[PDB]
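Colleague: Provided herewith: target_2.pdb, PDB, C-alpha atoms.
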MODEL        1
ATOM      1  CA  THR A 156      93.640  96.359  82.641  1.00  0.00           C
ATOM      2  CA  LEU A 157      94.191  95.058  86.170  1.00  0.00           C
ATOM      3  CA  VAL A 158      97.488  93.542  87.305  1.00  0.00           C
ATOM      4  CA  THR A 159      97.500  90.376  89.407  1.00  0.00           C
ATOM      5  CA  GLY A 160     100.998  91.275  90.560  1.00  0.00           C
ATOM      6  CA  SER A 161     103.384  89.867  87.963  1.00  0.00           C
ATOM      7  CA  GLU A 162     104.749  93.190  86.711  1.00  0.00           C
ATOM      8  CA  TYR A 163     104.769  94.197  90.383  1.00  0.00           C
ATOM      9  CA  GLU A 164     107.338  91.637  91.454  1.00  0.00           C
ATOM     10  CA  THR A 165     109.096  92.377  88.163  1.00  0.00           C
ATOM     11  CA  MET A 166     109.450  95.988  89.239  1.00  0.00           C
ATOM     12  CA  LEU A 167     110.909  94.871  92.424  1.00  0.00           C
ATOM     13  CA  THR A 168     113.357  92.519  90.754  1.00  0.00           C
ATOM     14  CA  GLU A 169     114.537  95.177  88.283  1.00  0.00           C
ATOM     15  CA  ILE A 170     114.856  98.017  90.731  1.00  0.00           C
ATOM     16  CA  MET A 171     116.031  95.227  92.999  1.00  0.00           C
ATOM     17  CA  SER A 172     119.227  94.433  91.152  1.00  0.00           C
ATOM     18  CA  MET A 173     119.579  98.182  91.595  1.00  0.00           C
ATOM     19  CA  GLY A 174     120.278  97.648  95.300  1.00  0.00           C
ATOM     20  CA  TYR A 175     116.611  97.958  96.235  1.00  0.00           C
ATOM     21  CA  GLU A 176     114.998  95.054  98.103  1.00  0.00           C
ATOM     22  CA  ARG A 177     111.551  94.024  96.867  1.00  0.00           C
ATOM     23  CA  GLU A 178     110.030  95.748  99.885  1.00  0.00           C
ATOM     24  CA  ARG A 179     111.614  99.171  99.432  1.00  0.00           C
ATOM     25  CA  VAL A 180     110.610  99.304  95.807  1.00  0.00           C
ATOM     26  CA  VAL A 181     107.213  97.690  96.222  1.00  0.00           C
ATOM     27  CA  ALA A 182     106.505 100.091  99.030  1.00  0.00           C
ATOM     28  CA  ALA A 183     107.918 102.599  96.632  1.00  0.00           C
ATOM     29  CA  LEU A 184     105.287 101.262  94.243  1.00  0.00           C
ATOM     30  CA  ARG A 185     102.678 101.984  96.867  1.00  0.00           C
ATOM     31  CA  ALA A 186     104.265 105.413  96.785  1.00  0.00           C
ATOM     32  CA  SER A 187     104.839 105.342  92.996  1.00  0.00           C
ATOM     33  CA  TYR A 188     101.297 104.325  92.077  1.00  0.00           C
ATOM     34  CA  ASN A 189     102.601 100.886  90.995  1.00  0.00           C
ATOM     35  CA  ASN A 190     105.236 102.299  88.681  1.00  0.00           C
ATOM     36  CA  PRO A 191     108.713 100.752  88.823  1.00  0.00           C
ATOM     37  CA  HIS A 192     110.972 103.389  87.345  1.00  0.00           C
ATOM     38  CA  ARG A 193     109.208 105.937  89.544  1.00  0.00           C
ATOM     39  CA  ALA A 194     109.425 103.287  92.237  1.00  0.00           C
ATOM     40  CA  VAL A 195     113.188 103.664  92.201  1.00  0.00           C
ATOM     41  CA  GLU A 196     113.253 107.359  91.571  1.00  0.00           C
ATOM     42  CA  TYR A 197     111.287 107.056  94.777  1.00  0.00           C
ATOM     43  CA  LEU A 198     113.860 104.739  96.276  1.00  0.00           C
ATOM     44  CA  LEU A 199     115.984 107.827  95.748  1.00  0.00           C
ATOM     45  CA  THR A 200     114.041 110.872  96.947  1.00  0.00           C
ATOM     46  CA  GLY A 201     113.515 108.795 100.074  1.00  0.00           C
ATOM     47  CA  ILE A 202     110.272 107.293 101.350  1.00  0.00           C
ATOM     48  CA  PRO A 203     108.646 110.254 103.165  1.00  0.00           C
ATOM     49  CA  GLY A 204     106.414 108.249 105.473  1.00  0.00           C
TER      50      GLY A 204
ENDMDL
END
Turn the structure described in the file into structure tokens.
Modeller:
Amino acid sequence: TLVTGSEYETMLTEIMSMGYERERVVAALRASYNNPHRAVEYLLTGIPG
């Protein structure tokens, strides 16, 4: 099922509270495949590009 974006911004907001602006995590989503948890584990490893 497709995702308009809801969960997306919800990833941001969660990982957000975790000291991760919507952009770092969403971009992390672009780098996480849309996943949030991975989005932050990404926030960690450090955005390669």
Colleague: Applying the PyMOL selection byres ((chain A and resi 178) around 12) to the file I just gave you, which residues come out? Please list them as a list in words.
Modeller: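 In the shown coordinates, the PyMOL selection byres ((chain A and resi 178) around 12) covers residues 163, 164, 166, 167, 168, 170, 171, 174, 175, 176, 177, 179, 180, 181, 182, 183, 184, 185, 186, 194, 195, 198 and 202 of chain A.
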Colleague: What does the distance between CA of residue 201 (chain A) and CA of residue 159 (chain A) come to in Å, to one decimal place?
Modeller: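 Separating CA of residue 201 (chain A) from CA of residue 159 (chain A) is a distance of 26.6 Å.
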Colleague: Hey, can you check how far CA of residue 200 (chain A) sits from CA of residue 165 (chain A)?
Modeller: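 Computed distance, CA of residue 200 (chain A) to CA of residue 165 (chain A), equals 21.1 Å.
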Colleague: Box for region 158-173 of chain A - axis-aligned, 5 Å on each of the six sides, all listed atoms - centre and size in Å to one decimal, as JSON.
Modeller:
{"center_x": 108.5, "center_y": 94.0, "center_z": 89.9, "size_x": 32.1, "size_y": 18.3, "size_z": 16.3}
Colleague: My list of candidates is A:188, A:204, A:161, A:199. Which is closest to residue 173 (chain A) when distances are computed with only C-alpha atoms?
Modeller: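 The closest residue to residue 173 (chain A) is A:199.
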Colleague: Any chance you could build region 172-187 of chain A out to N, CA, C and O atoms and write it as a PDB file, keeping the file's coordinate frame?
Modeller:
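Written file, out-v7.pdb:
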ATOM      1  N   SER A 172     117.841  94.518  91.598  1.00  0.00           N
ATOM      2  CA  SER A 172     119.227  94.433  91.152  1.00  0.00           C
ATOM      3  C   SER A 172     119.907  95.770  91.409  1.00  0.00           C
ATOM      4  O   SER A 172     121.107  95.834  91.678  1.00  0.00           O
ATOM      5  N   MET A 173     119.108  96.836  91.349  1.00  0.00           N
ATOM      6  CA  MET A 173     119.579  98.182  91.595  1.00  0.00           C
ATOM      7  C   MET A 173     119.718  98.470  93.093  1.00  0.00           C
ATOM      8  O   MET A 173     119.463  99.589  93.539  1.00  0.00           O
ATOM      9  N   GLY A 174     120.121  97.464  93.869  1.00  0.00           N
ATOM     10  CA  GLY A 174     120.278  97.648  95.300  1.00  0.00           C
ATOM     11  C   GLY A 174     119.018  98.167  95.966  1.00  0.00           C
ATOM     12  O   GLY A 174     119.068  99.124  96.738  1.00  0.00           O
ATOM     13  N   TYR A 175     117.883  97.543  95.662  1.00  0.00           N
ATOM     14  CA  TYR A 175     116.611  97.958  96.235  1.00  0.00           C
ATOM     15  C   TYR A 175     115.697  96.764  96.512  1.00  0.00           C
ATOM     16  O   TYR A 175     114.897  96.371  95.664  1.00  0.00           O
ATOM     17  N   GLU A 176     115.816  96.198  97.709  1.00  0.00           N
ATOM     18  CA  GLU A 176     114.998  95.054  98.103  1.00  0.00           C
ATOM     19  C   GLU A 176     113.565  95.197  97.602  1.00  0.00           C
ATOM     20  O   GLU A 176     113.058  96.304  97.433  1.00  0.00           O
ATOM     21  N   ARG A 177     112.926  94.058  97.360  1.00  0.00           N
ATOM     22  CA  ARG A 177     111.551  94.024  96.867  1.00  0.00           C
ATOM     23  C   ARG A 177     110.625  94.901  97.697  1.00  0.00           C
ATOM     24  O   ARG A 177     109.647  95.433  97.186  1.00  0.00           O
ATOM     25  N   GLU A 178     110.895  94.992  98.988  1.00  0.00           N
ATOM     26  CA  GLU A 178     110.030  95.748  99.885  1.00  0.00           C
ATOM     27  C   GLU A 178     110.181  97.263  99.765  1.00  0.00           C
ATOM     28  O   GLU A 178     109.197  97.990  99.895  1.00  0.00           O
ATOM     29  N   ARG A 179     111.389  97.746  99.541  1.00  0.00           N
ATOM     30  CA  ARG A 179     111.614  99.171  99.432  1.00  0.00           C
ATOM     31  C   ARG A 179     111.014  99.727  98.159  1.00  0.00           C
ATOM     32  O   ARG A 179     110.493 100.842  98.122  1.00  0.00           O
ATOM     33  N   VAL A 180     111.108  98.932  97.121  1.00  0.00           N
ATOM     34  CA  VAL A 180     110.610  99.304  95.807  1.00  0.00           C
ATOM     35  C   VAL A 180     109.124  99.057  95.684  1.00  0.00           C
ATOM     36  O   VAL A 180     108.426  99.870  95.096  1.00  0.00           O
ATOM     37  N   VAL A 181     108.636  97.974  96.262  1.00  0.00           N
ATOM     38  CA  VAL A 181     107.213  97.690  96.222  1.00  0.00           C
ATOM     39  C   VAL A 181     106.473  98.713  97.051  1.00  0.00           C
ATOM     40  O   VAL A 181     105.424  99.208  96.657  1.00  0.00           O
ATOM     41  N   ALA A 182     107.067  99.064  98.175  1.00  0.00           N
ATOM     42  CA  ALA A 182     106.505 100.091  99.030  1.00  0.00           C
ATOM     43  C   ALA A 182     106.661 101.395  98.292  1.00  0.00           C
ATOM     44  O   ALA A 182     105.845 102.307  98.420  1.00  0.00           O
ATOM     45  N   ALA A 183     107.692 101.443  97.455  1.00  0.00           N
ATOM     46  CA  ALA A 183     107.918 102.599  96.632  1.00  0.00           C
ATOM     47  C   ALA A 183     106.861 102.607  95.548  1.00  0.00           C
ATOM     48  O   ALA A 183     106.485 103.661  95.054  1.00  0.00           O
ATOM     49  N   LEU A 184     106.348 101.407  95.229  1.00  0.00           N
ATOM     50  CA  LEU A 184     105.287 101.262  94.243  1.00  0.00           C
ATOM     51  C   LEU A 184     104.002 101.767  94.870  1.00  0.00           C
ATOM     52  O   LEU A 184     103.199 102.426  94.233  1.00  0.00           O
ATOM     53  N   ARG A 185     103.838 101.496  96.155  1.00  0.00           N
ATOM     54  CA  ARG A 185     102.678 101.984  96.867  1.00  0.00           C
ATOM     55  C   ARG A 185     102.761 103.494  96.863  1.00  0.00           C
ATOM     56  O   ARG A 185     101.749 104.197  96.885  1.00  0.00           O
ATOM     57  N   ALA A 186     104.002 103.981  96.814  1.00  0.00           N
ATOM     58  CA  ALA A 186     104.265 105.413  96.785  1.00  0.00           C
ATOM     59  C   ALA A 186     104.524 105.910  95.356  1.00  0.00           C
ATOM     60  O   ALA A 186     104.651 107.114  95.128  1.00  0.00           O
ATOM     61  N   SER A 187     104.598 104.983  94.396  1.00  0.00           N
ATOM     62  CA  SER A 187     104.839 105.342  92.996  1.00  0.00           C
ATOM     63  C   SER A 187     103.572 105.173  92.168  1.00  0.00           C
ATOM     64  O   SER A 187     103.534 105.551  91.002  1.00  0.00           O
TER      65      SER A 187
END
